[PDB]
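Down below is the structure, laid out as structure tokens.
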Amino acid sequence: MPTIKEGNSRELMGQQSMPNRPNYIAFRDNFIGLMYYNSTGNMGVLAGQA
Amino acid sequence: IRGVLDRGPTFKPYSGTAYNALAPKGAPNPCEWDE
Amino acid sequence: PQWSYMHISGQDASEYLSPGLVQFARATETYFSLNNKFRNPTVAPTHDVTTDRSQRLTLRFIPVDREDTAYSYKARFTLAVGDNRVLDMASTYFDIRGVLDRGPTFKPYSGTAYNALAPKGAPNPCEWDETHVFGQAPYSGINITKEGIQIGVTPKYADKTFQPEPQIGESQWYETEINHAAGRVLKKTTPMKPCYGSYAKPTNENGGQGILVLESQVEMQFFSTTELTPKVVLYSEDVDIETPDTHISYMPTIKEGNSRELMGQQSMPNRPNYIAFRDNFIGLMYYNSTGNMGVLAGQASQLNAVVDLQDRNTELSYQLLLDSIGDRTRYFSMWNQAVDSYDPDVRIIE
Amino acid sequence: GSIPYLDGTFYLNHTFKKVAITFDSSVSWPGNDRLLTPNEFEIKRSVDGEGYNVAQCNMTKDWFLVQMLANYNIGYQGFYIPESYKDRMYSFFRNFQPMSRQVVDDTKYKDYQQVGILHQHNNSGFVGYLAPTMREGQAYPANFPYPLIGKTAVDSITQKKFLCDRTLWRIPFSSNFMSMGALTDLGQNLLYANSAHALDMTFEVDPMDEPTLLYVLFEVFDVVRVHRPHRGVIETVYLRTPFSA
Amino acid sequence: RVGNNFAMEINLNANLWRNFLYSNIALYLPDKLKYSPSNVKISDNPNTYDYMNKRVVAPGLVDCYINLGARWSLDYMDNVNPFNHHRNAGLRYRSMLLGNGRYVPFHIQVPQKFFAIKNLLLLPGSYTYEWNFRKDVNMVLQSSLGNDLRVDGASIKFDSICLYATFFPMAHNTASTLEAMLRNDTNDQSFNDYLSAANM
Amino acid sequence: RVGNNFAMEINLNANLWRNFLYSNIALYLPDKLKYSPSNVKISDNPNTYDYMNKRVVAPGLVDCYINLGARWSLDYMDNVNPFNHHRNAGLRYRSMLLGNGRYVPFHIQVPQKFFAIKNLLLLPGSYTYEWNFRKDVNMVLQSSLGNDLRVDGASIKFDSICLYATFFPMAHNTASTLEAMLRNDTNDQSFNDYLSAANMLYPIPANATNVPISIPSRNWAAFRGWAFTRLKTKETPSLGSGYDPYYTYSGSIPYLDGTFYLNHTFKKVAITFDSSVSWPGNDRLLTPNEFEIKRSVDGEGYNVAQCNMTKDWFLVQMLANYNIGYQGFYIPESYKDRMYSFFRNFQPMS
Amino acid sequence: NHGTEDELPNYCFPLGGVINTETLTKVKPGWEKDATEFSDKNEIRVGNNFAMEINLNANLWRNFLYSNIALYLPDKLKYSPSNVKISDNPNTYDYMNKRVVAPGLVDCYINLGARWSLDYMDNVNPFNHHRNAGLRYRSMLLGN
Amino acid sequence: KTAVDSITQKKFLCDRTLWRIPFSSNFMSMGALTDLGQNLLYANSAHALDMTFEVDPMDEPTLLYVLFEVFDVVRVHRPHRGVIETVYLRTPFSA
Amino acid sequence: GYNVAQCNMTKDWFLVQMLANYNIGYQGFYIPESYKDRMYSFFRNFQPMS
């Protein structure tokens, strides 16, 4: 970025462009993190209904 | 489970650009300025 | 009580389940398997395998004798197997330290370390007699006086031992007409070499390479058009120019010393040549050699248990044995176990 | 990013130097003069201790033998590569990566100059300065790096290290470190049957310029037994031992 | 034309090697080796994509000639998490399973991992089965740069959740016989957790 | 700008292919196809790096268009050792284990390979264990170019040697019981060498083709059969020698390491007991008095598998290696077809 | 399509390193000319060298997509060449070889960031391709 | 359409392995101690052997390497503390 | 709602294919042993995409 200055100018013809870094975003392997385990306040339940 | 995800604006699943990748990286577009 | 009930110890499921469930499960395993729902204990023996007495796992032995010839050495140990021990000889090895010099033809790569992106016949900026200069001035300064190029501010001038730096140049692609330019140049007393492959050791902590003789001998050279102010200062210097890993692929003249023709020479990287110990350290120990025979004998008892023959091939037998029992594509550093191979697409061109 | 604690993407195992294990303030474990340094487990040694290193890196003979025995039962009848079906994704030998390099010896190379990135030039004229931007500058003999080969190779020093990503380091509670049943021989010993014992462990690690965590897994039996005596009834007895909740 | 043709010269293989080292190593160097760009606004928050993307690294830090002839990981990179990278093929695949865009309606099947029930053979009855699910984007998502997705605009709505269960179509006499055996206490099922550790 | 932009044109893929062929094939062509550089001093000793590095090869000898559309090894390269190459990945790895510089302090563990003791369980006692070690850089090192490292400046100092041994911490009562059992003669240990062969080498002078050998009358009871290959004498140190003053090569040594690559140079072998009893005889083979390995055009009817190998030889190799040949030919199970086995290495080409 | 590792610019350069030189004369200290010492016509480049720029990785990716996908697209997406005779029989090599396909149909940016087969290619037999390695090998067994 | 008149050449490589001719009456592996090795013909007499190899010519000295496959065996006796004794037998081709 | 495995294949079809090819589907879905999942088998060739 050749200048601090704002707006079009001969100097701006000198600017150079670089691609942005890749960044994949996904769910995790085996969907780790979706379900709570090992957390006393968010404990799962399996019980007879009665 | 079904739902809707928005990966947000920093998701970029590739290297490089989609747009004019063969242009030299400092070549300007045809343009006009004041002096 | 509780270990048995939780199946940490005690009976396997085939004994503790009801015999009907056992029969039923065995009969139906291929339809709907039940084995993963019933724990089976595994319990280590607690007597008669190991000792709880004090005892080293590994012993180290220092030689009782070493003999050297110009081509071999011999190392003798007294290997002691204490009472109430046994020793599997496959657990033994020689632990060797030393110093290797692979010598000057070791080159563990293709290509050059030095200016690899230069065109292979591009000269460095240089000077020769017929005095002529071929050079470049990429640095743009405020002004030039007999003090050299001004670099900023009272006026401040290039420190000639490293400025202008050859890595630095104008920042934008478009023509700009530089009124006051500087660069570095090799004096005519430095041998001409292509840029590609060129290296000269730094002589200051700021990366300059000028030969010290200890003060700097850098001399400023001033230039203008053929029609009065200088437009270019060149900082001329001798450097200890080397080509540590390239050679000349085109040498225009038999003639010695710098010349316009030498600007035409071309540089090619040296061939790679890896140097190492061999797979499985083949060659370090003598086998199958009646004059250099190994010994294993009782210390009291004089008679060597090793008898070898010149028509036996111990090294090749080990190569074949290893391939028969394991996957030679995998490597193990401890025995330098990394099989010689080739690129299938080099051996047969497809 | 990845969360090693949950996903197993471990990558800092090479930062360990040693661990000393002591029961009841002063009973070193394993003791019994078992190890070449017998009061602690030394994982790696620097130059001064190189005689006890192994496998062409700075890992110690003792640590390599405990890891090989813990993972594969290999170490008393020679070291060899384990069967591939025993050497899984997160196992020791699959992940073990010894490495070495030379570098200029800045005390013995008489002509040494500490030239930093601001003043290194190699491909001047043909690359950007300090950035991935437009070529700039002029062709010139390179001043860096120092050559470590050929007839003017500089005086050099050797450095050795290893990586061992994905796996956990393992010290089994078994009298020869071998797997001989899940319920180990030492776990069944009278010494641990009848008394209680305190335990101290002291780890030495390489310094890192951010907060880190030692993650110790104390290996136990973690078991549940499930009883379904009547329609829509499910009952469970849990037992984790030792470290019962 | 008198003489040879006009030609320019490029080292292809050196360039390809340079590009690979810059993309996969230089850009991932610890931030203390980078610097902030000139004449460009950058975030003040190092956890952001904008900061990670705009911090500048000099290519000469991992150039073509880096430890030439050696097999050697950079000391600077040994303690950087190697899985946070665009060449993590599992993460790339998981990203590509959802698609190539930021906006994704999703439909997934999530398995039960708790050792006491994940292989249980459950007998006739009606049972309550309830579980709790996270919404934090930094837990439920994963990125290759590891940026803070709470500040970097990701979000997620979980619209529906159903429980599916599959039953072997067992002969009814056999099923009732099996059930009766499995209700006796000598035939209680038992399970050990695989890791079998208290974690500190 | 009026019109299209100024552009230059480069075939990228053709260039990359050209560079691969020049680096990995042209530069390794036999020296008789190369020439000495103009206006450049070169060594007079073809075993040197300087000679191997400066000899010039024309790229058009293995250009982009070499046997285009074919899978074909160059006849010029078939008899060049393929393991002596910078794409030998085992050798590259072993070179990189030491580091990237010519100066290396080293620390290695060297295993015992002699079959009579390498798996011995050694009982209580004190034993002398002594072995002899080489110092010749052409034996103890390996290079990818195979240059003579004696003249090319490599050297090595072996500073220290220790013996390490590891002992299972056996319960003492069990160890003493085991020892006592193992001292009885019915419980003597025994070992067979893996290769299980008496190894002979017979000279084949340059350009010779007929190689007759004779074994004098002796007893053959228990003989298991024959295995054979061809070696370069330049690559094969003299047997059993303390030091071979005429060994001027440091590449792979097939005799010791198993990097065989001249098997395709065999045409046939005739085996005869007692002057005139052909073996196997009994009208077994399609050419019944000899083993024909390959046939030229004139005998193509008896060739097989789309190359010039004979049906008979293919059947003997398949049977010898895998027991395949009487109930059809098929690919052997991969666990039976190891690194040095026949079918894994068999490469027909046209 | 994970795009291309083109972060660094790639340049070609003149054979002599530099080409647009100024002819200059050595001067000495106020300033005056030199001669018999230094030549009065020295060739010196002021500024950076003349360079042209090529995206290598984008080009290699483009070539791979054109050779292995664009050229195999269904014929309904192609067109017949201008000023060139072509066979009337679509089953012929001449027709298959001369039908023209626009590279922009499977360019560098095709479904960028996705793992996705083209709907146009899902129902095209994938084994009829020069990257069928079994068929290439069987062709090479006979010769070239 | 203007392909030149051509000839075909065929060959093979077979690197890494040794060529093998087992002393077994159908060439198959049916025990290490082969059927022919146990035959009366080889039990009671001595026999001389000639082998004649034909090879392609090479413009340097080479060596025929023949491995004559035998039993190469050692038996190890440890009758007393610090005593180790060995009996070797290679047969045929006893040393 | 009745699709599975992140593509448009149905739960039912996936279960019939898994059972027909590998006997997998009543005690969980998992990747079959590689020696059972040959060149022309269902799971080796199954390629969901979005």
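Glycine gets a Cβ as well: all are built from the backbone with ideal geometry, and neighbour counts include every protein chain shown. Here, each number is a calculation from the coordinates, and none is a lab measurement.
Confirm whether F:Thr272 is within 25 Å of H:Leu63 (Cβ to Cβ) and not in a strand (DSSP E or B).
no
When you look at C:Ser72, is it away from chain E (no Cβ under 14 Å) and under 30 Å from F:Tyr103 (Cβ atoms), yes or no?
Taking the combined requirement at face value, the residue satisfies it.
Which number in (1) closer than 30 Å to E:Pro37 by Cα; (2) in contact with a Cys (Cβ under 6 Å, 6 or more places away or on another chain) marks the one condition that D:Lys160 misses?
(1)
Name the residue, out of D:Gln114, D:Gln102, D:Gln97, that is crowded, with 18+ Cβ neighbours inside 10 Å and either assigned to a loop (DSSP other than H, G, I, E, B) or within 14 Å of chain E (Cβ to nearest Cβ) (or both).
Only one candidate passes the filter, namely D:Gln102.
From the set of residues in the range D:154-175 that are in a loop (DSSP other than H, G, I, E, B) and crowded, with 22+ Cβ neighbours inside 10 Å, which is farthest from the chain's Cα centre (by Cα)?
Here the residue is D:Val154.
Got a number for residues in the range G:1-53 being surrounded by 15 or more Cβ atoms within 10 Å (Cβ to Cβ), under 22 Å from D:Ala139 (Cα atoms) and of a type in the set (S, T, N, Q)?
Count: 6.
For a quick check of your reading of the model, give me the residue pairs whose first member lies in the range E:25-40 and is more than 14 Å from A:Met18 (Cβ to Cβ), whose second is in a helix (DSSP H, G or I) and of a type in the set (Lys, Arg), with beta-carbon atoms closer than 9 Å and at least 6 apart or on different chains.
E:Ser36/E:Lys54
As an exercise: evaluate D:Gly1 against (1) within 18 Å of the chain's Cα centre (by Cα); (2) crowded, with 18+ Cβ neighbours inside 10 Å and give the number of the one condition it does not meet.
Exception for D:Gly1: condition (1).
Considering the range F:294-350 alone, what residues qualify as being more than 10 Å from chain H (Cβ to nearest Cβ) and of a type in the set (S, T, N, Q)?
F:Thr310, F:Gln327, F:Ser334
Can you work out which of the residues in the range F:292-350 that are of a type in the set (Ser, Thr, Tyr) and within 25 Å of H:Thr52 (Cβ to Cβ) is surrounded by the fewest Cβ atoms within 10 Å (Cβ to Cβ)?
F:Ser296
Restricting to the range H:56-90, what's the tally of residues that are in contact with a helix residue (DSSP H, G or I) (Cβ under 7 Å, 6 or more places away or on another chain) and more than 21 Å from F:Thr265 (Cβ to Cβ)? Full working, then the answer.
Initially, the range H:56-90 is screened for residues in contact with a helix residue (DSSP H, G or I) (Cβ under 7 Å, 6 or more places away or on another chain), giving H:56, H:58, H:60-63, H:65, H:77-78.
Next cut, more than 21 Å from F:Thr265 (Cβ to Cβ) only: H:77-78.
So the answer is 2.
Given the criteria closer than 26 Å to E:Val56 by Cβ and not small (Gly, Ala, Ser), does G:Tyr11 qualify? Lay out the reasoning, then the answer.
Values: closer than 26 Å to E:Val56 by Cβ: yes; not small (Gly, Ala, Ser): yes.
When the stated conditions are applied, G:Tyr11 passes them.
Mind checking which residues of the range H:27-70 are out of contact with any strand residue (DSSP E or B) (no Cβ under 8 Å at 6 or more places or on another chain), loosely packed, with under 14 Cβ neighbours inside 10 Å and facing another protein chain (nearest Cβ under 7 Å)?
Result: H:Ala43, H:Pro57, H:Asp59.
Within the group F:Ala70, F:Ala89, F:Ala116, F:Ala58, which residue is more than 14 Å from chain D (Cβ to nearest Cβ), more than 30 Å from G:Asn57 (Cα to Cα) and among the small types (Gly, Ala, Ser)?
None of the others qualify; the one that does is F:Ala116.
May I ask you to list the residues in the range D:1-26 that are of a type in the set (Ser, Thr, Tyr) and either part of a loop (DSSP other than H, G, I, E, B) or more than 14 Å from chain E (Cβ to nearest Cβ) (or both)?
D:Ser2, D:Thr9, D:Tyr11, D:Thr22, D:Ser25, D:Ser26 - these are the residues of the range D:1-26 that are of a type in the set (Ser, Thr, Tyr) and either part of a loop (DSSP other than H, G, I, E, B) or more than 14 Å from chain E (Cβ to nearest Cβ) (or both).
Within the range F:151-158, does at least one residue satisfy the condition of being under 30 Å from D:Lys151 (Cα atoms), surrounded by fewer than 20 Cβ atoms within 10 Å (Cβ to Cβ) and more than 7 Å from every other protein chain (Cβ to nearest Cβ)?
Taking every residue of the range F:151-158 in turn, at least one turns out to be under 30 Å from D:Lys151 (Cα atoms), surrounded by fewer than 20 Cβ atoms within 10 Å (Cβ to Cβ) and more than 7 Å from every other protein chain (Cβ to nearest Cβ).
Of everything in the range F:107-156 that's aromatic (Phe, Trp, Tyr) and assigned to a loop (DSSP other than H, G, I, E, B), which residue is nearest to D:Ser46 (Cα to Cα)?
Here is the first cut: in the range F:107-156, the ones aromatic (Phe, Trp, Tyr) are F:114-115, F:127, F:129, F:131, F:133.
Next, only the ones that are assigned to a loop (DSSP other than H, G, I, E, B) stay: F:114-115.
Values: F:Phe114: 34, F:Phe115: 36 Å.
My answer is F:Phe114.
Do we have any residue at all in the range C:153-175 that's among the hydroxyl-bearing types (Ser, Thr, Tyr), within 14 Å of chain A (Cβ to nearest Cβ) and not in a strand (DSSP E or B)?
Looking for residues that are among the hydroxyl-bearing types (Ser, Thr, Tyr), within 14 Å of chain A (Cβ to nearest Cβ) and not in a strand (DSSP E or B), one finds at least one in the range C:153-175, hence yes.
Against the condition at negative phi and crowded, with 20+ Cβ neighbours inside 10 Å, how does F:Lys268 come out, does it pass?
Answer is no for this residue.
Determine, yes or no, whether C:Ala122 is more than 24 Å from D:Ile149 (Cα to Cα), crowded, with 17+ Cβ neighbours inside 10 Å and more than 10 Å from chain E (Cβ to nearest Cβ).
So C:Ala122 does not fit the description; no.
Assess whether E:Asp44 counts as being more than 7 Å from every other protein chain (Cβ to nearest Cβ), within 23 Å of the chain's Cα centre (by Cα) and either part of a loop (DSSP other than H, G, I, E, B) or surrounded by 16 or more Cβ atoms within 10 Å (Cβ to Cβ) (or both).
When the stated conditions are applied, E:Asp44 does not pass them.
So, of the residues in the range C:316-348 that are more than 7 Å from chain F (Cβ to nearest Cβ) and closer than 24 Å to H:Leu13 by Cα, which turns out to be nearest to the chain's Cα centre (by Cα)?
Taking the range C:316-348 and keeping what is more than 7 Å from chain F (Cβ to nearest Cβ), we get C:322, C:325-327, C:329-330, C:332, C:337, C:344-345.
After this cut, where a residue has to be closer than 24 Å to H:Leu13 by Cα as well, the list is C:322, C:327, C:329, C:344-345.
Values: C:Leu322: 27, C:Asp327: 25, C:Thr329: 21, C:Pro344: 24, C:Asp345: 25 Å.
Per the stated criteria, the residue is C:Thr329.
Scanning for something closer than 27 Å to G:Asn57 by Cα, surrounded by 13 or more Cβ atoms within 10 Å (Cβ to Cβ) and in contact with a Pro (Cβ under 6 Å, 6 or more places away or on another chain), does the range F:10-17 turn up at least one residue?
Scanning the range F:10-17 turns up no residue that is closer than 27 Å to G:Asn57 by Cα, surrounded by 13 or more Cβ atoms within 10 Å (Cβ to Cβ) and in contact with a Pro (Cβ under 6 Å, 6 or more places away or on another chain).
Scanning the range C:35-69 for residues that are at the interface with another protein chain (Cβ under 7 Å from one of its Cβ atoms) and among the hydrophobic types (A, V, I, L, M, F, W, C), which turns out nearest to I:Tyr22 (Cα to Cα)?
The extreme case among them is C:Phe38.
If a residue must be at positive phi and touching a helix residue (DSSP H, G or I) at 6+ places or on another chain (Cβ under 9 Å), how many such residues does the range C:226-254 contain?
Count: 0.
On the basis of being under 30 Å from G:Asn10 (Cα atoms), part of a helix (DSSP H, G or I) and aliphatic (A, V, I, L, M), does G:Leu105 make the cut?
So G:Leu105 passes the test.
Could you check the range F:174-247 for strands (runs of 3 or more DSSP E) lying wholly inside it with 1 or more residues that are in contact with a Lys or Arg (Cβ under 7 Å, 6 or more places away or on another chain), within 14 Å of chain C (Cβ to nearest Cβ) and more than 25 Å from F:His264 (Cα to Cα)?
F:189-192
Out of all the residues in the range C:33-45, which are in contact with a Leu (Cβ under 9 Å, 6 or more places away or on another chain) and farther than 16 Å from E:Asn187 by Cα?
Within the range C:33-45, C:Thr42, C:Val43, C:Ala44 meet the criteria.
Please work out which residue is farthest from A:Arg21 (Cα to Cα), limiting yourself to the range E:84-103 and to residues that are in contact with a helix residue (DSSP H, G or I) (Cβ under 8 Å, 6 or more places away or on another chain) and surrounded by fewer than 19 Cβ atoms within 10 Å (Cβ to Cβ).
E:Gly90
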